[PDB]
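*Asks:*
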Amino acid sequence: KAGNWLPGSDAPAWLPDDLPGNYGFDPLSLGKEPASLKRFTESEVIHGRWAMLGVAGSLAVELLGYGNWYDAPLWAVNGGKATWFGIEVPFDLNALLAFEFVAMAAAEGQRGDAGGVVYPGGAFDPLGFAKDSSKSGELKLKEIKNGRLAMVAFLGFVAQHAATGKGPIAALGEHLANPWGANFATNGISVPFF
Amino acid sequence: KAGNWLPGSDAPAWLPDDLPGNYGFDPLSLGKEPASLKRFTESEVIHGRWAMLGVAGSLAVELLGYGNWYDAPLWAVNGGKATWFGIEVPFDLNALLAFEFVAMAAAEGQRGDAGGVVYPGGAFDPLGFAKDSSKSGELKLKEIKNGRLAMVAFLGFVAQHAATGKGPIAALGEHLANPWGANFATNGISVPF
Amino acid sequence: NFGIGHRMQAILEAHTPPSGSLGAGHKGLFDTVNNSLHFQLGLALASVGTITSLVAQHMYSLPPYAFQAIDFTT
Amino acid sequence: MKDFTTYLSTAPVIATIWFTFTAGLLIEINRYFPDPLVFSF
Amino acid sequence: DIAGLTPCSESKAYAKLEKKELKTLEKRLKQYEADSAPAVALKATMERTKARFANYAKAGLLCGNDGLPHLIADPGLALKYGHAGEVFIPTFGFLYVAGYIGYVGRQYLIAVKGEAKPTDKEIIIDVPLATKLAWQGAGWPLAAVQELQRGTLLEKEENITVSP
Amino acid sequence: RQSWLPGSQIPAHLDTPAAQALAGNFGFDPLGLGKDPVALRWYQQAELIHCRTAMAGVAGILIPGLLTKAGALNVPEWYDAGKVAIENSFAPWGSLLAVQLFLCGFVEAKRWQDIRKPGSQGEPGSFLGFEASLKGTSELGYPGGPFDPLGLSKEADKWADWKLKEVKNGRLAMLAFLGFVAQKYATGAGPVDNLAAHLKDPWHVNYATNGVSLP
Amino acid sequence: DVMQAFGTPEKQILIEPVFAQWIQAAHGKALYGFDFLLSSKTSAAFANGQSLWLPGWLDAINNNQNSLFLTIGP
Ligand code: CLA
Ligand code: CLA
Ligand SMILES: CC(/C=C/C=C(C)/C=C/[C@@]12O[C@]1(C)C[C@@H](O)CC2(C)C)=C\C=C\C=C(C)\C=C\C=C(C)\C=C\[C@@]12O[C@]1(C)C[C@@H](O)CC2(C)C
Ligand SMILES: CC(/C=C/C=C(C)/C=C/[C@@]12O[C@]1(C)C[C@@H](O)CC2(C)C)=C\C=C\C=C(C)\C=C\C=C(C)\C=C\[C@@]12O[C@]1(C)C[C@@H](O)CC2(C)C
Ligand SMILES: CC(/C=C/C=C(C)/C=C/[C@@]12O[C@]1(C)C[C@@H](O)CC2(C)C)=C\C=C\C=C(C)\C=C\C=C(C)\C=C\[C@@]12O[C@]1(C)C[C@@H](O)CC2(C)C
Ligand SMILES: CC1=C(/C=C/C(C)=C/C=C/C(C)=C\C=C\C=C(C)\C=C\C=C(C)\C=C\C2=C(C)CCCC2(C)C)C(C)(C)CCC1
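Chains as they are written, first to last, in the deposited numbering: chain A, 55 to 248; chain B, 55 to 247; chain C, 295 to 368; chain D, 1 to 41; chain E, 63 to 226; chain F, 56 to 270; chain G, 442 to 515.
And the structure:
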């Protein structure tokens with residue numbers, strides 16, 4: 055278990071207590087059937103993985119000073135010459151679009167319809183952490199926690215840029231500058247009247 | 055089975071579950087009789103193969119830059135000089151018309167009225183994929199799905215060019231350009247109001 | 295009488311659509327078209343009476359004869 | 001007058017009351033709404 | 063101008079025919095005293111006539127070369143060009159009342175079949191049953207499609223034939 | 056049983072135990088439209104959805120209408136918000152209606168199939184694990200699952216209370232929209248403008264001072 | 442007849458023969474303006490027969506003094 059998400063409320067019967075990241079949070083009974091819970095326990099981890107990579111990419115561009123996450127796919131219109139660490143990339147839109155359509159499918163289709171695995175031991179642990187003896191569930195819990203926080207962070211990125219038109223650091227600095235005039239309410243979007 | 059096409063509906067009894075490409079989709083009871091259904095299964099695969107070849111021919115011309123699928127048989131009127139990979143063809147209309155009349159019937163009529171076969175093992179599998187051991191129906195199902203998608207793609211080519219006068223990529227680039235003003239409602243044809 | 299061609303006894307009793315479309319289709323007509331003269335006379339009169347209306351409709355709009363449709367009474 | 005109301009419910013009496021009703025409805029309509037060739041608004 | 067036609071507010075044969083009818087009414091009116099009972103009815107006929115021409119020109123009816131309004135009886139040439147009130151709106155305003163009467167009479171027959179002798183309530187119509195079926199037949203297309211989905215609209219081959 | 060007219064004989068197909076245990080049954084069917092039980096089963100769905108869409112629409116008319124006449128919004132009239140907001144729009148109306156009919160038809164055909172056979176969308180393998188919460192409840196018209204996020208159905212007491220509150224607010228909103236259309240046709244003003252016109256002179260400014268109650 | 446008797450010819454039901462005027466305009470009668478196949482100068486059935494059989498047929502329909510596709514009304 056390790057958590058109750060709303061104290062005093064009961065835990066549902068269809069959530070196993072040994073499952074990593076468990077709190078009992080299913081107010082829709084959305085994973086009630088075990089096949090759907092088995093599909094969603096695989097897909098939450100993968101959303102968390104790709105969102106941790108997404109928040110690291112969206113923050114490292116601004117911490118390294120190369121624009122933001124929003125304007126990084128803005129060279130395909132109104133010019134070109136994409137960069138990475140300052141190194142130029144001589145690729146147009148259609149070539150890298152086809153390479154992302156092909157070279158990712160050769161790993162996605164190799165992952166997905168070859169089973170239902172979500173923690174594959176072996177080559178994906180080069181250093182060696184998950185020998186599944188004692189520290190399996192603890193590292194899985196930390197991965198789930200950090201990934202859920204990253205999904206919340208990326209949805210905050212999307213809403214923050216849709217409301218203010220700025221980057222993550224570019225308005226975290228404003229919230230640190232004017233803490234009472236640079237929040238989600240002083241814009242005329244998220245709070246409709248006041 | 056592998057699919058229900060409108061979930062919760064009952065499957066019609068005249069479709070076997072072992073048949074490749076199955077969903078139960080027959081809302082007109084159109085293939086109810088077995089002698090008709092066997093010929094429909096034998097004809098759906100061949101419509102799928104010829105439409106996969108049709109969509110590959112309609113797309114590779116524009117992806118290689120040689121006009122479209124529409125203007126490629128437009129040298130028969132107002133000029134000539136047919137091309138293929140840039141290589142010129144010194145043939146008129148009537149000679150290749152008779153060659154398609156004669157040389158194709160030696161494959162079509164040899165295929166058709168020599169039985170009812172639709173997956174013939176032997177010379178049509180040089181590398182070896184369909185040994186009918188474990189992965190027969192899987193590859194048959196993939197062939198059915200890709201062929202049905204190609205048939206829908208070719209009818210989309212027909213209606214798209216009959217409504218906009220443009221080719222496949224010549225309007226896919228526009229739908230990627232103006233995604234709310236370059237669809238099937240902004241023309242005055244498909245939606246009459 | 296020469297081996298090639300088509301036969302009236304084989305084309306009729308094979309054009310039968312299944313699943314209760316036309317019932318048994320055209321099975322048994324050659325025993326009744328050939329043996330009946332009133333059936334043959336009825337089909338012949340239907341064809342002649344329709345292509346006579348066709349002659350009438352197409353000889354006024356498309357007059358085939360020289361200086362017809364100036365002679366209005368004709 | 002139960003027999004009189006069964007007489008009033010016979011076929012020609014209902015016919016001549018209902019046809020005067022559906023006549024004098026359409027007649028009052030064509031008085032208050034003259035000449036309806038086309039469905040206007 | 064759909065099929066060689068013209069709007070009646072545009073054509074001049076329509077206005078000439080209006081002036082023709084008003085001319086006949088005027089030369090008919092010239093015989094009477096201006097406040098007498100025939101002259102009031104003649105001027106009322108003129109007012110109904112002019113209101114009729116104004117409301118036929120207002121609705122956008124199409125005149126021909128004859129100066130007479132025409133009816134475009136095709137949806138897609140009436141819906142596209144604004145002539146749906148010619149035929150396409152009264153072709154459902156009729157059929158509601160037609161299927162209404164055909165449903166009320168149907169239900170009056172079926173609700174009188176299962177009695178002692180039905181024929182006496184066909185020459186002597188049961189008026190409270192008739193008016194109950196007259197009022198509750200207002201939603202007839204609803205009940206007609208709900209009856210068609212059963213198969214209780216049709217009857218099977220229990221029907222009476224001769225010698226097939 | 057708290058009927059719409061206290062002295063009427065209620066129609067007997069609204070006094071069955073299938074129909075008395077139905078939401079908002081006040082014995083009102085003077086034209087016999089639900090005499091077949093499956094006709095009534097269909098029209099109960101039609102009433103629920105005609106009333107939920109009307110509650111959403113009438114809220115979207117008079118909540119910004121009352122927040123326009125009291126300031127701090129500038130939402131126009133409901134019969135003017137199609138003329139405007141097509142200029143402040145990424146799309147014209149035709150493409151928008153086409154996307155609307157696709158996204159809404161995918162919903163409405165699943166609802167069609169669930170009405171014609173209950174629990175249809177809950178059969179496994181339909182969606183990607185999402186179909187398990189699509190059986191609805193034991194009765195049709197009230198699905199729950201993903202459509203009850205706050206969880207007001209897990210009570211089994213005061214549930215007919217919530218049903219009857221939904222049905223009565225919905226019937227009132229359907230009458231309100233038929234209102235909005237008619238009080239637009241009659242005098243050409245807005246609904247809150249008509250409310251202010253009635254409240255400043257009730258005994259002279261009403262539907263007896265226009266041409267629609269004409270003798 | 443009742444409208445002609447009451448002196449009101451405008452109240453007649455004069456349904457225009459839309460379905461056959463469309464066939465005349467698809468055959469090349471440019472009097473109605475449906476411009477569908479042969480009365481439209483830009484179509485393919487018009488264009489692929491200008492040397493073969495069309496111009497005499499188009500000059501014969503649009504003559505209003507033969508019986509070749511008479512103009513029609515209610
Ligand atoms: C052509 C390459 C390719 C292929 C074949 C696959 C194939 C697959 N991916 Mg994959 N993926 C790819 C590229 C590809 N992906 C790329 C490039 C990325 C990075 C962006 C990902 C990221 C990714 C994640 C994170 C996950 C998968 C998953 C899956 C599997 C589920 C199949 C499915 O449902 O289709 C998906 C088909 C769609 C049409 C996707 C619909 C659009 C999604 C929902 C995004 C929309 C977000 C939207 C805001 C939310 C909905 C609205 C909401 C606000 C109400 C399947 C094996 C999932 C999995 O394994 O499940 C267990 C999973 O968790 N992939
Ligand atoms: C099938 C052939 C046919 C057709 C299509 C028409 C069509 C028409 N005729 Mg014509 N006519 C015909 C045959 C036909 N006629 C014949 C054979 C004759 C000689 C007898 C005439 C003599 C004739 C005359 C003398 C006149 C017409 C008129 C008309 C027009 C009808 C206007 C009208 O009354 O609105 C009726 C409109 C309605 C909406 C009526 C519907 C009834 C109500 C509103 C619906 C029910 C409401 C409510 C539920 C009822 C309450 C129920 C109660 C129990 C409480 C219309 C163009 C009139 C006209 O204007 O000419 C153009 C006119 O003056 N006709
Ligand atoms: C928020 C989210 C999911 C939210 C879902 C929630 C809360 C659902 C909760 C519930 O279901 C449960 C749990 C239980 C139910 O009973 C109840 C509810 C409440 C319904 C997923 C985000 C998931 C977000 C993901 C996966 C984001 C990945 C981001 C990537 C890959 C970004 C890449 C880039 O940023 C870089 C790297 C560089 C840039 O230049 C380019 C781009 C491309 C922009
Ligand atoms: C779409 C299609 C069939 C669609 C039928 C459907 C959906 C029927 C569905 C139903 O029946 C079922 C299933 C069940 C019933 O109860 C109900 C319905 C709903 C009725 C066939 C297309 C079939 C399409 C085919 C076979 C297309 C072949 C295309 C070719 C050969 C193109 C060649 C060229 O493009 C090149 C190569 C080069 C160019 O330069 C020259 C040309 C000539 C243009
Ligand atoms: C659904 C509905 C309205 C929905 C409105 C919507 C979505 C509005 C949306 C918009 O406004 C916004 C948001 C913003 C605007 O800018 C745009 C639009 C688009 C305009 C009204 C239903 C309105 C439905 C009504 C009024 C139905 C009335 C039916 C009655 C009274 C029938 C009674 C009987 O049938 C019984 C019960 C029994 C029989 O025996 C007897 C009789 C009498 C026959
Ligand atoms: C749009 C339109 C049109 C067209 C039309 C059409 C084309 C139609 C078709 C139609 C059809 C195609 C039909 C069919 C049918 C079939 C059937 C089969 C039917 C049946 C019916 C019935 C059966 C009924 C019954 C009933 C009821 C329900 C009510 C009353 C009573 C009774 C019982 C009688 C026109 C232009 C002309 C005009 C305008 C409109």
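Cβ coordinates follow ideal geometry from the N, Cα and C atoms, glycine included.
1. Taking the C-alpha atoms as reference points, what is the distance between residue 195/B and residue 187/A?
2. The alpha helix (DSSP H) with residue 159/E in it runs from where to where?
3. Are the C-beta of residue 81/F and some C-beta of chain B separated by less than 7 Å?
4. Are the region 204 to 215 of chain F and the region 61 to 73 of chain F touching, with three or more C-beta to C-beta distances below 8 Å?
5. Between which residues of its own chain and residue 36/B is the CB-CB distance below 6 Å, once the five residues before and five after are set aside?
6. Taking the alpha carbon of residue 104/B as the reference point, which residue from 61/B, 236/B, 209/B, 235/B has its own alpha carbon closest?
7. In the DSSP output, what is residue 125/E paired with across the bridge?
8. Return the Cβ separation of residue 238/B and residue 123/B in integer angstroms, given the expectation that the two are a contact with Cβ distance under 8 Å.
9. Between residue 84/A and chain F, is there a C-beta pair that is closer than 7 Å?
10. Where DSSP assigns a beta bridge to residue 365/C, which residues make up the other side?
11. Distance check for residue 203/A and residue 174/A, CA to CA, integer angstroms please.
12. Do residue 473/G and residue 65/E have their CB atoms nearer than 7 Å?
13. Counting only beta-carbon separations shorter than 7 Å, does residue 96/B have a partner in chain I?
14. If you measure between the beta carbons of residue 229/F and residue 109/F, is that distance less than 7 Å?
15. Is the region 167 to 180 of chain F close to the region 188 to 198 of chain F, with three or more CB pairs under 8 Å?
16. Assuming residue 456/G contacts residue 515/G (C-beta within less than 8 Å), just tell me the rounded distance between them.
17. The beta strand (DSSP E) spanning residue 143/B covers which residue range?
18. According to DSSP, is residue 136/B part of a helix, a strand, or is it coil?
19. With 16 as the cutoff for other CB atoms within 10 Å, does residue 518/G come out buried or exposed?
20. Taking 7 Å as the threshold (C-beta atoms), are residue 148/E and residue 163/E in contact?
21. So residue 354/C contacts chain G; which residues on that side make the cut at Cβ distance below 8 Å?
22. If contact means a Cβ-Cβ distance below 7 Å, which residues of the region 198 to 218 of chain F contact chain A?
23. Name, please, each residue of chain C whose Cβ falls closer than 9 Å to the Cβ of residue 272/B.
24. Determine the closest residue to residue 158/E out of 204/E, 223/E, 179/E, 124/E, with distance taken between C-alpha atoms.
25. In chain B, what lies closer than 7 Å to residue 176/F by C-beta?
26. Shortest alpha-carbon distance to residue 127/B belongs to which of 72/B, 216/B, 147/B?
27. With a threshold of 7 Å between beta-carbons, can residue 147/E be considered close to chain D, or not?
28. Please name the residue in 136/A, 55/A, 85/A whose C-alpha comes closest to that of residue 71/A.
29. Could you name the residues of chain E that residue 443/G contacts, counting a contact when the two beta carbons are closer than 8 Å?
30. As an exercise, report each continuous alpha helix (DSSP H) stretch of at least 4 residues that is fully enclosed by the region 91 to 177 of chain A, in chain order.
31. Within its chain, find whatever has a CB closer than 7 Å to the CB of residue 126/E; leave out the 5 residues flanking it on each side and keep chain order.
32. Does any CB atom of chain G fall closer than 7 Å to the CB of residue 134/E?
33. With the cut-off set at 7 Å, would you say residue 437/G and residue 470/G are in Cβ contact?
34. Output yes if chain E places a C-beta closer than 7 Å to the C-beta of residue 513/G; else output no.
35. Using the three-state DSSP reduction, which class does residue 107/E fall into: helix, strand or coil?
*Replies:* Taking the definition as stated:
1. 43 Å
2. 152 to 175
3. no
4. By the C-beta criterion, the region 204 to 215 of chain F is judged not to be in contact with the region 61 to 73 of chain F, since fewer than 3 inter-stretch pairs fall below 8 Å.
5. Missing from the structure shown is residue 36/B; chain B here goes from 55 to 247 and no further.
6. 209/B
7. 68/E, 131/E
8. Between residue 123/B and residue 238/B the Cβ distance is about 19 Å, and since that is not below 8 Å, they are no contact.
9. yes
10. Paired residues: 362/C.
11. So the alpha carbons of these two residues sit roughly 23 Å apart.
12. yes
13. This model lacks chain I altogether, as its protein chains are A, B, C, D, E, F and G.
14. yes
15. yes
16. 6 Å
17. 141 to 143
18. strand
19. Here chain G covers residues 442 to 515 and nothing more, so residue 518/G does not appear.
20. Taking the C-beta atoms as reference points, residue 148/E is found no nearer than 7 Å to residue 163/E.
21. 508
22. Residues of the region 198 to 218 of chain F with a C-beta less than 7 Å from any C-beta of chain A: 200, 201, 204, 206, listed in chain order.
23. Because chain B spans 55 through 247 in this model, residue 272/B falls outside it and cannot be assessed.
24. 204/E
25. Chain B residues near residue 176/F: 61, 62.
26. The option with the nearest alpha carbon to residue 127/B is 147/B.
27. yes
28. 55/A
29. What residue 443/G touches in chain E: nothing, since even the nearest Cβ is about 15 Å away.
30. 147 to 157, 159 to 166
31. 67, 132
32. yes
33. The first residue shown for chain G is 442 and the last is 515, placing residue 437/G beyond what the model contains.
34. no
35. helix
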